[PDB]
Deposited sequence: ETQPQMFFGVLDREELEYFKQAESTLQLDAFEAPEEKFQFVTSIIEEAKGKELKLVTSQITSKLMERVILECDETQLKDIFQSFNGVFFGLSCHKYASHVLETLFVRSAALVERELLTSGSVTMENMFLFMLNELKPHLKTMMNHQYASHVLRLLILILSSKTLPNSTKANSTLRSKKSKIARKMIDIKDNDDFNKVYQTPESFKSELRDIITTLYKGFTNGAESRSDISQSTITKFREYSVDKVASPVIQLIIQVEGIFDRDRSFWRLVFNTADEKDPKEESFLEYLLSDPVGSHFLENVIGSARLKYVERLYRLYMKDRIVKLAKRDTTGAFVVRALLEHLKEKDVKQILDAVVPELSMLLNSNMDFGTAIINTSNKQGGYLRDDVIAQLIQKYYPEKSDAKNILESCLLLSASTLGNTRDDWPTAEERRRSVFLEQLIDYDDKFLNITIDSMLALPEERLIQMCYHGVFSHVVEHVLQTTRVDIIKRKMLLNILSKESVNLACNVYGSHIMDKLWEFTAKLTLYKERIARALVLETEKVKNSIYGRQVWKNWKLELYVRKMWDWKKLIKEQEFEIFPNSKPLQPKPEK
């Protein structure tokens, strides 16, 4: 019982033609867009009849995706129609399922357009035809390594959510209900009420909740079923409602809290289920062991984080009372968790702020150390991507450390001051390298908070940054730093004049760069050149605008 996924092969002539056509289309060396459209139409004309062969070959599936993205709307409807009949088979194909994903996103966009203009309802009907094609295969798709992706995308589209957001006719809401009900029928044998559900079916569905392929689909369904099913049938198929613990449910919960797929399943459903059901799970199976779970950084930590992010204030504060003392340990092996804990503390009116500040100070910027620097204890700057000769991009550990340092800077002024001092202690060429970095740039950008930085630090920072005005403005990352400097130079009009003159000196290079044009706009240098006095008046207005 396997659907047909082979539809013939192309001979070497066609393969060579389509390789050359993909190269030509990828270079995008066409002058007028009409030439590009005519070339796309030529590729489509040569691709007539061969659609099934093209989308099922690893050599030409990418070209088909490009063509689906670049063609017009009539050609899009043609390509959509040519797949008719074999949608399930294509969605079970390793390379064709991706083509189906591209096609379905573009076609959802087109259905949104035709819904908010002249109700053509042609694309809508093609979508309904493919959905009815797939409806007798939904349970199978849910467990398939490639078709489950297509099913998840279809559920996203139908429930109007962010695709990797478009409006949907009411037919799409009905089709969503159809898909969800069909799957529920397929997992409840023939039970006509929830009292008829057997314990064996519940056991097998929990098995699916832990399956690496089905679990994302179960999460999405649990999330979106509240749109039409007030009773949350799929939720009730996983967890109980009794006010007391259940041995089967307790073993299932203790398995979720120790398995990666299960922990992420629980993390995801926690944020999309009813608050009362989540509170029940917390009270029955988690309230007593919060610390032990919070230390499980690959499993239960995600659940504790979701609890901190989605519970009521009393329970959030109890969890913070449990967790904050362990923050120094947690940050050694799970910095995203610590950043979340600090963020939650801050959003809860700075709850337990003093203990957090003490732990962070003693761990990252102690007073007794001689050469204290928070860029070296947090970002590990000396052993980082910064200033390397080879073309290595910034890593993920650097990105999470930068997020953490920025969380500290937004948590208390002590960390903003510490970061500014640490920056001024580097050799200024290293700070300028930070300004040019992909991830560390944000860190620099984050200390440019005008009302929170005393005037002397602003003067030192501004003198360091002004010498590289033109080079920063024309840079992808430094241009945002210059934009922040526009406001950062408040009571320091002489640095405004210095940066303005510096940019005007190389006006030509500044305007040739795109970011240079953006900085030219944001600093309003046209008013500086044309009428200096209106520029000074704008500056004098901004001064008392920032400092009243």
Worksheet entry | Deposited positions lacking CA coordinates | 1, 166-196, 581-591
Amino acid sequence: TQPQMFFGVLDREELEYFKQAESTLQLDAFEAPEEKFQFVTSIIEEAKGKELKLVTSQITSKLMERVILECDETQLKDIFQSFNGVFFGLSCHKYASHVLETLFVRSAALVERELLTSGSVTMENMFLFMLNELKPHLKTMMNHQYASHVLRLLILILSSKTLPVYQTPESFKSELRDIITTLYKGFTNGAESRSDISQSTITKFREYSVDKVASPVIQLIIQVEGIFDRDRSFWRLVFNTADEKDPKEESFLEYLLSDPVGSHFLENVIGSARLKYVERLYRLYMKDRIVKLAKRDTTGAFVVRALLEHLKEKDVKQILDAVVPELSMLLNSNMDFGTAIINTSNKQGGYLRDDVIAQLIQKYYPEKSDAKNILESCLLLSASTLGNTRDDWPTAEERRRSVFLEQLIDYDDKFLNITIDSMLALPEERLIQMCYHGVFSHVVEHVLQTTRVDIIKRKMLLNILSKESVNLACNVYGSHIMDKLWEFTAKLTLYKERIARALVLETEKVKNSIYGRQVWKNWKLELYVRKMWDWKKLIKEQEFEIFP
From here on, numbers count along this sequence of modelled residues.
Practice prompt. Look up the CA B-factors in the entry and say which stretch, 102-110 or 184-192, has the higher mean.
Written response: 184-192
Fill in: Entry-level comparison of average CA B-factors, 134-142 and 468-476, reporting the higher stretch
468-476
Worksheet item: Out of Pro216, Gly387, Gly85, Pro260, which shows the largest CA B-factor listed in the entry?
Response: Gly387
Discussion item. I'd like to know which of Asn268, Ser198, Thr339, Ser209 has the highest C-alpha temperature factor in the PDB entry.
Written reply: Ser198
Discussion item. Can you tell me whether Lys314 has a C-alpha B-factor in the lowest, middle or highest third compared with the other modelled residues of the same chain?
Written reply: middle
Practice prompt. Ordered by C-alpha B-factor within the chain, which third holds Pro427? Give me lowest, middle or highest, please.
Written response: middle
Fill in: Third of the chain's Cα B-factor distribution that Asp72 belongs to, per the entry
highest
Worksheet item: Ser91: which third of its chain by C-alpha temperature factor?
Response: lowest
Response to the item:
By the entry's values, the third containing the CA B factor of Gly226 is the middle
